[PDB]
Amino acid sequence: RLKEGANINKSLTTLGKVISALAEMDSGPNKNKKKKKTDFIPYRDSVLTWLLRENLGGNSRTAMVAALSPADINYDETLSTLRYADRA
Amino acid sequence: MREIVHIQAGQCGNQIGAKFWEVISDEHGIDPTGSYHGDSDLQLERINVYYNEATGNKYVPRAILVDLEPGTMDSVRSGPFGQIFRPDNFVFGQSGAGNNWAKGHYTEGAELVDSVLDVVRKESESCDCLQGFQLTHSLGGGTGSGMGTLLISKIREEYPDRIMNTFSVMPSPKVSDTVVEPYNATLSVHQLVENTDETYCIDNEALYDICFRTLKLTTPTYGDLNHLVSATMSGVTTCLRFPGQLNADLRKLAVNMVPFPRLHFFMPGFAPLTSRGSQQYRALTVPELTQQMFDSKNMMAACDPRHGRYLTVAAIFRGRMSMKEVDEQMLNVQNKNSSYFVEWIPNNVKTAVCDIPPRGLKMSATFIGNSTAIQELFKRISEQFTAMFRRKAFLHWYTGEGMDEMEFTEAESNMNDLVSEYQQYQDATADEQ
Amino acid sequence: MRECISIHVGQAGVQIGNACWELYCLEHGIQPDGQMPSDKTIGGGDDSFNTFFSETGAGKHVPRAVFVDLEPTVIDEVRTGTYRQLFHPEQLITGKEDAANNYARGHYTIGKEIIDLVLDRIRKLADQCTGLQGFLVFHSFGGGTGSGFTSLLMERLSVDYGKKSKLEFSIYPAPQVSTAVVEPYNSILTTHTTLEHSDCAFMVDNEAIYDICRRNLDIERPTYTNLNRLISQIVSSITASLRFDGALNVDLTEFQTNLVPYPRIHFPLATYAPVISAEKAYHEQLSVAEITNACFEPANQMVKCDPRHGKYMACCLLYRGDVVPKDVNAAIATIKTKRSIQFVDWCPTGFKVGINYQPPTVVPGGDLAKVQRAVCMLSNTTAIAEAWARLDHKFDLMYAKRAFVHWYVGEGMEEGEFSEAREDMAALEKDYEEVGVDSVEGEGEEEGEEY
Ligand SMILES: CC(=O)O[C@H]1C(=O)[C@@]2(C)[C@H]([C@H](OC(=O)c3ccccc3)[C@]3(O)C[C@H](OC(=O)[C@H](O)[C@@H](NC(=O)c4ccccc4)c4ccccc4)C(C)=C1C3(C)C)[C@]1(OC(C)=O)CO[C@@H]1C[C@@H]2O
Ligand SMILES: Nc1nc2c(ncn2[C@@H]2O[C@H](COP(=O)(O)OP(=O)(O)OP(=O)(O)O)[C@@H](O)[C@H]2O)c(=O)[nH]1
Ligand SMILES: Nc1nc2c(ncn2[C@@H]2O[C@H](COP(=O)(O)OP(=O)(O)O)[C@@H](O)[C@H]2O)c(=O)[nH]1
Ligand SMILES: [Mg+2]
């Protein structure tokens with residue numbers, strides 16, 4: 001269980017980093033039309049982002065949907081989900 | 001009790017390992033026969049890091065020797081410390097790789113990897129708390145590179161939560177002994193970058209420069225180079241074996257040094273280094289050690305730090321010394337050479353202090369840098385690689401062993417990606433858009 | 001057990017074998033009778049190195065060599081010579097006539113009814129070996145037996161063993177001097193077999209060895225014995241990496257891995273640096289740099305070709321004696337800055353280095369001085385093409401009129417075979433002319449976002 005949780009959290013953190021990096025340069029160009037080289041999007045720090053390299057980058061579209069339970073008992077869940085949705 | 005398993009593959013690995021077992025068996029007082037004849041009581045306190053105990057109050061190292069050619073093993077057995085090792089750990093075959101990476105990885109090494117893993121598993125299961133592994137090998141060779149990478153992959157598959165160090169001797173611009181060094185180095189770096197926690201960068205030209213210019217040896221031989229290497233390997237793990245004012249395990253070094261998973265290629269160095277007759281003219285103090293550690297001529301990787309920026313550095317001091325001097329010296333080095341240190345890390349100098357120095361010295365220090373200049377090394381190999389791959393200079397020797405041409409492309413792309421991150425953190429600002 | 005099996009075909013092969021085995025017996029302390037007093041005096045050792053000699057129970061040492069020839073004379077010379085009791089009595093010599101400078105006679109007509117015996121004895125020797133490395137075949141182009149029977153034997157060996165290396169040492173016809181009128185036909189005929197079935201062929205020319213003997217050793221009247229001794233020294237330097245300890249050992253597989261870029265280019269030149277007389281051995285340092293430089297000089301090449309007219313594709317240096325790595329590195333760096341020596345752009349590294357502690361020995365009655373250091377160089381280049389081209393011209397000048405052709409067809413060949421062989425040779429030259437050409441250009445480009 002600990003191994004699974006650690007690997008899942010590592011993959012999610014890398015996905016957050018690659019998504020955030022991808023959006024920024026995006027906005028940047030779309031407005032700056034400049035070509036600040038090609039920056040460097042960390043695709044190789046995980047298999048998940050590595051296999052989805054063609055879909056995440058290049059001429060593409062992306063949208064992450066997040067579900068937030070409604071109870072008062074799952075507060076510790078819900079806030080964390082928002083903190084992950086605050087990325088990108 | 002933290003305990004590390006030592007593996008050594010190939011000619012270079014075996015020679016460096018033999019010299020290393022003589023340096024570690026003279027700090028922990030061990031007779032070549034295997035008995036203890038030391039003086040201090042702290043030598044036996046942490047002997048289990050490297051040695052198993054044998055019935056007659058003897059000590060046998062955890063070394064595991066691998067080679068696809070038997071001859072090197074003989075040169076180890078007929079030596080000053082040949083009888084120290086266990087006979088069962090001499091795992092070897094015949095019909096060596098012949099400087100073919102494919103033979104080491106796919107054809108020949110695949111037959112002997114099962115025996116090597118059997119020995120490794122037997123050695124590891126007896127350990128109270130395994131800290132990690134060490135591997136000494138050469139990237140530019142045959143059995144060394146291929147078998148080392150294969151063993152690293154298998155071990156990381158079996159033991160994911162353990163440290164895997166690696167002391168690799170890579171090719172060099174001018175001193176080259178094989179014509180197919182680029183292919184072997186490329187395909188080895190393709191494997192090391194994925195399945196290793198720490199990698200140490202050594203090349204023979206830097207060691208020759210140290211021997212010629214610092215130690216002033218007229219006719220250096222491989223023994224002296226292995227001597228310097230052994231000195232740094234002993235320096236890295238000093239805190240597992242001895243007490244001190246501020247300890248530093250291997251995992252502490254890994255945590256503090258690497259900022260991201262793929263940047264774990266380090267530049268090692270040792271201080272002090274003097275040339276016999278000059279010894280009386282230099283006072284041994286912490287400022288002198290700090291001055292020699294950060295000098296570009298002392299590095300062991302032939303990568304000038306002044307062409308890049310230090311992501312991180314670590315300094316492991318040995319000896320009775322004042323913590324104020326260490327702190328002020330590291331702060332001064334950071335402040336004066338502000339251009340050579342990255343700006344988004346507030347303080348990028350790890351410091352550790354161990355009380356007991358080497359035998360015949362009063363103070364010593366080991367330096368582990370992580371800098372962007374290492375990119376140059378890989379870039380050089382990449383150039384040579386493409387210079388041979390555009391025409392397929394020696395490619396049939398590799399594809400005749402069950403390989404495909406795509407794997408070379410994967411390795412080249414992976415090395416080029418790795419160079420990217422370094423080149424990036426290498427600039428000294430990013431303001432314009 | 002780095003075992004090798006030596007093959008000697010023809011008069012030239014047998015004489016080079018005599019020189020080689022004299023050197024080997026001197027190296028290992030083996031007396032011509034077959035016994036080794038060194039182990040008896042000491043009490044035991046590894047001096048019975050398995051590379052060449054098999055040790056029986058009684059203490060005798062029999063060589064791992066096989067002699068073949070169609071003339072009884074050349075081998076009745078050794079059956080009654082100094083080394084009569086060294087070799088196994090089974091010497092595989094057909095009590096019949098000879099191939100008579102005829103490839104067809106040696107390959108088709110008389111080469112049969114002996115080949116089965118040779119392969120049976122090769123099988124027996126191979127079964128006695130553990131970890132056999134390869135074969136060392138000695139023969140001579142231009143001769144009937146040495147060409148035709150060697151082609152047949154190489155074909156059968158490639159069929160039977162397959163994966164084992166087969167290194168060939170052979171005598172190429174010289175540009176000017178020759179000992180037979182029908183040398184080009186035989187050489188062009190055996191090239192079609194040596195191109196396919198061998199793994200690495202070393203070529204030597206007698207005019208070159210004569211010039212080296214005249215210039216360096218101050219011998220005005222050399223015979224074949226001196227040439228055979230030099231060739232024996234070269235082969236010993238090649239093989240010494242798997243008999244004695246050293247700082248960097250080079251096996252027979254590293255050879256082929258480092259000197260053969262493509263399968264059809266395995267024709268390297270060979271040179272030996274410290275060829276010097278006893279009188280001239282003084283007044284000279286014989287350092288590592290001196291011998292390394294002497295290896296590259298055109299005058300010291302063992303084949304009449306100029307390396308300056310081509311490009312170096314690969315080089316392998318094998319050092320013997322009191323040599324340390326730093327001098328080898330310095331010599332290589334010094335060479336790499338010379339403009340007269342050109343390397344192909346697709347081989348940035350260029351050099352293979354091996355070091356051995358055993359120094360070279362001195363043959364009593366020889367002509368080479370005792371020296372502390374030596375180096376044997378093996379260099380795959382493109383200049384070798386010239387050595388073929390001259391021969392082709394000669395072949396044309398004989399084949400336009402079908403001279404001496406009826407002898408070949410009378411022994412079971414047809415005319416078309418000649419043409420086929422010639423075409424094969426042409427293709428080989430073309431490959432050389434294609435491999436030394438520089439790369440096209442950058443051949444690809446990238447833009448740094450010009451917007
Ligand atoms: C009279 C005196 O001061 O002796 C010194 C000495 O002269 C110097 C020159 C030593 C000496 O080192 C060398 O000359 C040398 C040559 C080639 C390669 C490496 C070293 C020394 O050999 C090295 C030797 O080191 C040790 O004794 C340590 O225990 C050392 N162990 C070994 O070198 C060793 C080697 C083989 C077998 C057993 C032990 C060590 C160093 C680091 C980490 C662990 C162990 C020492 C103090 C000295 C001599 C003997 C001259 C120096 O080396 C080291 C590593 O300390 C050179 O720079 C230092 C400065 C020392 O002053
Ligand atoms: N270097 C060297 N070359 C030799 C020697 N003996 C003969 N040759 C060369 O061999 C060539 C003749 O071919 P041979 O090797 O004698 O052929 P063969 O063994 O006699 O076989 P047959 O022609 O059938 O009798 C000559 O041109 C010589 O130059 C020798 O002892 N040393
Ligand atoms: N430091 C050191 N390096 C060596 C030694 N022997 C060989 N090397 C280096 O390793 C390379 C040859 O690799 P090799 O040892 O043959 O690999 P192996 O065949 O797998 O054992 C050369 O480029 C040398 O620079 C040695 O004894 N010490
Ligand atoms: Mg004859």
# chains A, B, ... in the order shown; residues from 1 in each chain; ligands from 1
>>> residues_near_ligand(ligand="ligand 3", cutoff="8 Å", atoms="only C-alpha atoms and all ligand atoms", output="JSON, numbers by chain")
{"B": [9, 10, 11, 12, 13, 15, 16, 67, 96, 97, 98, 99, 137, 138, 139, 140, 141, 142, 143, 144, 145, 146, 169, 170, 171, 175, 176, 177, 178, 181, 203, 204, 222, 223, 225, 226, 229], "C": [247, 248, 249]}
>>> interface_residues(of="chain C", to="chain B", cutoff="10 Å", atoms="only C-alpha atoms", output="VMD selection string")
chain C and resid 1 to 2 131 to 133 242 244 to 263 313 to 317 324 to 330 332 to 333 336 345 to 354 435 439 443
>>> interface_residues(of="chain B", to="chain A", cutoff="12 Å", atoms="only C-alpha atoms", output="VMD selection string")
chain B and resid 160 to 161 193 to 194 260 to 263 413 to 425 430 to 433
>>> write_last_selection(atoms="C-alpha atoms", output="PDB file, in the first residue's frame")
ATOM      1  CA  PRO B 160      13.450  -0.803  -5.415  1.00  0.00           C
ATOM      2  CA  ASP B 161      13.754   0.987  -2.049  1.00  0.00           C
ATOM      3  CA  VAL B 193      20.100   7.570 -16.207  1.00  0.00           C
ATOM      4  CA  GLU B 194      16.959   5.522 -15.497  1.00  0.00           C
ATOM      5  CA  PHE B 260      15.212  16.201  -9.772  1.00  0.00           C
ATOM      6  CA  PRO B 261      15.282  12.447 -10.422  1.00  0.00           C
ATOM      7  CA  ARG B 262      17.364  12.460 -13.611  1.00  0.00           C
ATOM      8  CA  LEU B 263      20.205  14.767 -12.452  1.00  0.00           C
ATOM      9  CA  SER B 413      17.542  10.658 -27.813  1.00  0.00           C
ATOM     10  CA  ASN B 414      17.692   9.917 -24.088  1.00  0.00           C
ATOM     11  CA  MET B 415      21.201  11.356 -23.779  1.00  0.00           C
ATOM     12  CA  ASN B 416      20.178  14.447 -25.752  1.00  0.00           C
ATOM     13  CA  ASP B 417      17.171  14.962 -23.466  1.00  0.00           C
ATOM     14  CA  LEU B 418      19.431  14.611 -20.440  1.00  0.00           C
ATOM     15  CA  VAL B 419      21.791  17.286 -21.863  1.00  0.00           C
ATOM     16  CA  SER B 420      18.741  19.617 -22.245  1.00  0.00           C
ATOM     17  CA  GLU B 421      17.975  20.076 -18.482  1.00  0.00           C
ATOM     18  CA  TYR B 422      21.676  20.800 -17.764  1.00  0.00           C
ATOM     19  CA  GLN B 423      22.054  23.336 -20.643  1.00  0.00           C
ATOM     20  CA  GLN B 424      18.857  24.987 -19.257  1.00  0.00           C
ATOM     21  CA  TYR B 425      19.882  25.442 -15.583  1.00  0.00           C
ATOM     22  CA  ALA B 430      16.005  34.351 -17.706  1.00  0.00           C
ATOM     23  CA  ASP B 431      14.259  37.738 -17.981  1.00  0.00           C
ATOM     24  CA  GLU B 432      13.514  38.585 -21.652  1.00  0.00           C
ATOM     25  CA  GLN B 433      10.461  37.005 -23.394  1.00  0.00           C
TER      26      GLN B 433
END
>>> residues_around(residues="residue C:4", least_positions_apart="5", cutoff="9 Å", atoms="only C-alpha atoms", output="PyMOL selection string")
chain C and resi 50-52+64-65+129+132-136
>>> residues_near_ligand(ligand="ligand 2", cutoff="6 Å", atoms="only C-alpha atoms and all ligand atoms", output="list in words")
residues 10, 11, 12, 15, 98, 99, 100, 101, 140, 142, 143, 144, 145, 146, 178, 179, 206, 224, 227 and 228 of chain C
>>> write_last_selection(atoms="N, CA and C atoms", output="CSV table (one decimal), in the first residue's frame")
chain,number,residue,atom,x,y,z
C,10,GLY,N,51.0,-25.7,-48.0
C,10,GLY,CA,52.0,-25.4,-49.0
C,10,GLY,C,53.4,-25.2,-48.5
C,11,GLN,N,54.4,-25.0,-49.4
C,11,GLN,CA,55.8,-24.9,-49.0
C,11,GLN,C,56.0,-23.6,-48.2
C,12,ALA,N,55.4,-22.5,-48.6
C,12,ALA,CA,55.5,-21.3,-47.8
C,12,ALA,C,54.9,-21.4,-46.5
C,15,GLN,N,57.2,-23.5,-44.2
C,15,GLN,CA,58.4,-22.9,-43.8
C,15,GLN,C,58.1,-21.8,-42.7
C,98,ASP,N,51.9,-32.7,-57.4
C,98,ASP,CA,51.5,-31.4,-56.9
C,98,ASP,C,50.6,-30.7,-57.8
C,99,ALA,N,50.0,-29.6,-57.3
C,99,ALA,CA,49.0,-28.9,-58.0
C,99,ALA,C,49.6,-28.1,-59.2
C,100,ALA,N,50.9,-28.0,-59.2
C,100,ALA,CA,51.6,-27.5,-60.4
C,100,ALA,C,51.2,-26.1,-60.8
C,101,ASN,N,51.1,-25.2,-59.8
C,101,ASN,CA,50.7,-23.8,-60.0
C,101,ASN,C,49.4,-23.7,-60.7
C,140,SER,N,50.0,-19.3,-49.3
C,140,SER,CA,50.6,-18.4,-50.2
C,140,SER,C,49.7,-18.3,-51.4
C,142,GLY,N,49.1,-17.5,-55.4
C,142,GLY,CA,49.9,-17.8,-56.6
C,142,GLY,C,50.3,-19.3,-56.7
C,143,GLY,N,50.5,-20.0,-55.6
C,143,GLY,CA,50.8,-21.4,-55.7
C,143,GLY,C,49.5,-22.2,-55.9
C,144,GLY,N,49.7,-23.4,-56.5
C,144,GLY,CA,48.6,-24.3,-56.7
C,144,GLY,C,48.0,-24.8,-55.5
C,145,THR,N,48.7,-25.4,-54.6
C,145,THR,CA,48.2,-26.0,-53.4
C,145,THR,C,47.7,-24.9,-52.5
C,146,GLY,N,48.6,-23.9,-52.2
C,146,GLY,CA,48.2,-22.9,-51.2
C,146,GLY,C,47.0,-22.0,-51.6
C,178,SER,N,58.7,-12.0,-59.3
C,178,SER,CA,57.7,-13.1,-59.2
C,178,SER,C,58.5,-14.4,-59.5
C,179,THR,N,57.9,-15.5,-59.0
C,179,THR,CA,58.5,-16.8,-59.1
C,179,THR,C,57.7,-17.8,-59.9
C,206,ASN,N,57.0,-9.9,-50.3
C,206,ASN,CA,58.4,-10.3,-50.2
C,206,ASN,C,59.3,-9.2,-50.6
C,224,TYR,N,64.7,-16.8,-47.4
C,224,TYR,CA,63.4,-17.0,-46.9
C,224,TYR,C,63.4,-17.2,-45.4
C,227,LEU,N,62.7,-13.8,-43.6
C,227,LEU,CA,61.3,-13.4,-43.8
C,227,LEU,C,60.4,-14.2,-42.9
C,228,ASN,N,60.6,-15.5,-42.9
C,228,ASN,CA,59.8,-16.4,-42.0
C,228,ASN,C,59.9,-16.0,-40.5
>>> residues_near_ligand(ligand="ligand 1", cutoff="10 Å", atoms="only C-alpha atoms and all ligand atoms", output="ChimeraX atom specification")
/B:19-27,207,210-211,214-217,220-236,238,270-280,282,284,318,357-366
>>> interface_residues(of="chain C", to="chain A", cutoff="7 Å", atoms="only C-alpha atoms", output="ChimeraX atom specification")
/C:448-449,451
>>> write_last_selection(atoms="N, CA and C atoms", output="short mmCIF file (atom, residue, chain, number, x, y, z; two decimals), in the first residue's frame")
data_model
loop_
_atom_site.label_atom_id
_atom_site.label_comp_id
_atom_site.auth_asym_id
_atom_site.auth_seq_id
_atom_site.Cartn_x
_atom_site.Cartn_y
_atom_site.Cartn_z
N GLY C 448 16.62 27.86 -35.15
CA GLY C 448 16.31 28.21 -33.74
C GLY C 448 15.11 29.12 -33.63
N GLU C 449 14.01 28.78 -34.32
CA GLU C 449 12.83 29.68 -34.35
C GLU C 449 13.29 31.06 -34.84
N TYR C 451 11.70 33.37 -35.79
CA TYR C 451 10.57 34.33 -35.64
C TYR C 451 10.25 34.51 -34.15
#
>>> closest_residue(among="C:139, C:112, C:422, C:394", to="ligand 4", atoms="only C-alpha atoms and all ligand atoms")
C:139
>>> residues_around(residues="residue B:298", least_positions_apart="2", cutoff="8 Å", atoms="only C-alpha atoms", output="list in words")
residues 206, 210, 269, 270, 292, 293, 294, 295, 296 and 300 of chain B
>>> residues_around(residues="residue C:427", least_positions_apart="4", cutoff="12 Å", atoms="only C-alpha atoms", output="list in words")
residues 191, 192, 195, 264, 265, 385, 388, 389, 420, 421, 422, 423, 431, 432, 433 and 434 of chain C
>>> decode(residues="stretch 242-266 of chain B", atoms="N, CA and C atoms", output="JSON list (two decimals), in the first residue's frame")
[["chain", "number", "residue", "atom", "x", "y", "z"],
["B", 242, "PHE", "N", 32.04, 5.56, 11.30],
["B", 242, "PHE", "CA", 32.71, 6.29, 12.36],
["B", 242, "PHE", "C", 31.79, 7.36, 12.92],
["B", 243, "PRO", "N", 32.02, 7.80, 14.16],
["B", 243, "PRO", "CA", 31.21, 8.88, 14.72],
["B", 243, "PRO", "C", 31.73, 10.25, 14.29],
["B", 244, "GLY", "N", 30.93, 11.27, 14.57],
["B", 244, "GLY", "CA", 31.31, 12.63, 14.21],
["B", 244, "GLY", "C", 30.38, 13.64, 14.84],
["B", 245, "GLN", "N", 30.70, 14.91, 14.60],
["B", 245, "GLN", "CA", 29.87, 16.00, 15.10],
["B", 245, "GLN", "C", 28.60, 16.17, 14.29],
["B", 246, "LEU", "N", 28.65, 15.84, 13.00],
["B", 246, "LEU", "CA", 27.50, 16.03, 12.10],
["B", 246, "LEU", "C", 27.59, 14.96, 11.02],
["B", 247, "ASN", "N", 26.73, 13.95, 11.13],
["B", 247, "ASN", "CA", 26.81, 12.78, 10.26],
["B", 247, "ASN", "C", 26.11, 13.04, 8.93],
["B", 248, "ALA", "N", 26.41, 12.17, 7.96],
["B", 248, "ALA", "CA", 25.83, 12.27, 6.63],
["B", 248, "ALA", "C", 25.82, 10.88, 6.00],
["B", 249, "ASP", "N", 24.67, 10.22, 6.06],
["B", 249, "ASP", "CA", 24.47, 8.94, 5.41],
["B", 249, "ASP", "C", 24.48, 9.12, 3.89],
["B", 250, "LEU", "N", 24.48, 8.00, 3.17],
["B", 250, "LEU", "CA", 24.35, 8.06, 1.71],
["B", 250, "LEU", "C", 23.02, 8.67, 1.31],
["B", 251, "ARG", "N", 21.95, 8.31, 2.00],
["B", 251, "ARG", "CA", 20.63, 8.84, 1.66],
["B", 251, "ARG", "C", 20.55, 10.34, 1.89],
["B", 252, "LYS", "N", 21.24, 10.86, 2.91],
["B", 252, "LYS", "CA", 21.29, 12.30, 3.10],
["B", 252, "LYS", "C", 21.96, 12.98, 1.91],
["B", 253, "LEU", "N", 23.05, 12.41, 1.43],
["B", 253, "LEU", "CA", 23.71, 12.95, 0.25],
["B", 253, "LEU", "C", 22.79, 12.92, -0.96],
["B", 254, "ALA", "N", 22.08, 11.81, -1.15],
["B", 254, "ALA", "CA", 21.16, 11.72, -2.29],
["B", 254, "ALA", "C", 20.06, 12.76, -2.18],
["B", 255, "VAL", "N", 19.49, 12.93, -0.99],
["B", 255, "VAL", "CA", 18.38, 13.87, -0.82],
["B", 255, "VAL", "C", 18.85, 15.29, -1.07],
["B", 256, "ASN", "N", 20.00, 15.66, -0.51],
["B", 256, "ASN", "CA", 20.45, 17.04, -0.62],
["B", 256, "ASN", "C", 21.04, 17.37, -1.98],
["B", 257, "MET", "N", 21.59, 16.38, -2.69],
["B", 257, "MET", "CA", 22.32, 16.67, -3.91],
["B", 257, "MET", "C", 21.41, 16.77, -5.13],
["B", 258, "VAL", "N", 20.60, 15.75, -5.39],
["B", 258, "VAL", "CA", 19.78, 15.69, -6.60],
["B", 258, "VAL", "C", 18.54, 16.55, -6.38],
["B", 259, "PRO", "N", 18.26, 17.56, -7.24],
["B", 259, "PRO", "CA", 16.99, 18.28, -7.11],
["B", 259, "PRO", "C", 15.85, 17.59, -7.85],
["B", 260, "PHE", "N", 16.17, 16.90, -8.94],
["B", 260, "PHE", "CA", 15.21, 16.20, -9.77],
["B", 260, "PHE", "C", 15.74, 14.80, -10.05],
["B", 261, "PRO", "N", 14.85, 13.86, -10.40],
["B", 261, "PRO", "CA", 15.28, 12.45, -10.42],
["B", 261, "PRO", "C", 16.40, 12.14, -11.40],
["B", 262, "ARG", "N", 16.45, 12.83, -12.54],
["B", 262, "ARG", "CA", 17.36, 12.46, -13.61],
["B", 262, "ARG", "C", 18.73, 13.12, -13.52],
["B", 263, "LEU", "N", 18.93, 14.07, -12.60],
["B", 263, "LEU", "CA", 20.21, 14.77, -12.45],
["B", 263, "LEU", "C", 20.93, 14.19, -11.24],
["B", 264, "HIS", "N", 21.62, 13.08, -11.46],
["B", 264, "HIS", "CA", 22.37, 12.39, -10.42],
["B", 264, "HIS", "C", 23.74, 11.96, -10.92],
["B", 265, "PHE", "N", 24.40, 12.84, -11.68],
["B", 265, "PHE", "CA", 25.76, 12.63, -12.15],
["B", 265, "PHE", "C", 26.67, 13.62, -11.45],
["B", 266, "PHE", "N", 27.65, 13.11, -10.71],
["B", 266, "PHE", "CA", 28.44, 13.90, -9.78],
["B", 266, "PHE", "C", 29.90, 13.93, -10.20]]
